[PDB]
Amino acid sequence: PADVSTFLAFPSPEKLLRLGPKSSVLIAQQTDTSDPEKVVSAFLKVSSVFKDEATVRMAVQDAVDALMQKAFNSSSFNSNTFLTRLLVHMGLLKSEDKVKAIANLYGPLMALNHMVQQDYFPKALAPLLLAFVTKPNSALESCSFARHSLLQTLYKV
């Protein structure tokens, strides 16, 4: 037993699992998906605890699917704004405002790899994601494995 606010405040693999077996539903339920910037934040916090381990991997993927399905399912949610802000927060696209610099890009990249394969994901966004993931960037270079996997996946979308 743990709460979404505490998890989002200080994400950790353990905290995610402490949310319970319905953690995926809870993350999405407690997130204001009407706001693109907030969906980006939730997505990055969740993906930041990704680990190539059974329980954690499943928990992150399910959480991402629940959150992003809810966001994209609203005919009002601007998917392009989500993508733009996501890239900004990942340090792949410049912006007018100042945003925190994300350290590890491994989690975000692996979460995207899973997301782009789901039915809820608008295919129109794949080309843009690919253009910015293939674009030269130091942060992406340090996480070549995840980067290569995501691109290989984007090629099949």
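Numbers follow the displayed sequence, beginning with 1. In this text, the rigid core denotes the largest set of C-alpha atoms whose superposition between the two forms falls within 1.5 Å.
Q: Between 95-103 and 111-119, which has the larger RMS C-alpha deviation from this form in 6 other deposited structures of this protein after core superposition?
A: After the core superposition, the stretch with higher RMS deviation in 6 other deposited structures of this protein is 95-103.
Q: Test of understanding: from the entry's C-alpha B-factors, which stretch has the higher mean, 52-60 or 106-114?
A: Mean B over CA atoms: larger for 52-60.
Q: Look over 92-100 and 122-130 in the entry and identify the one with the greater average Cα temperature factor.
A: According to the entry, 92-100 carries the higher average C-alpha B-factor.
Q: Going by the entry, which third of its chain does the Cα temperature factor of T153 land in?
A: For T153, the deposited C-alpha B-factor lands in the lowest third.
Q: Ranking every modelled residue in this chain by its Cα temperature factor as given in the entry, which third contains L19?
A: It belongs to the highest third of the chain when residues are ordered by C-alpha B-factor.
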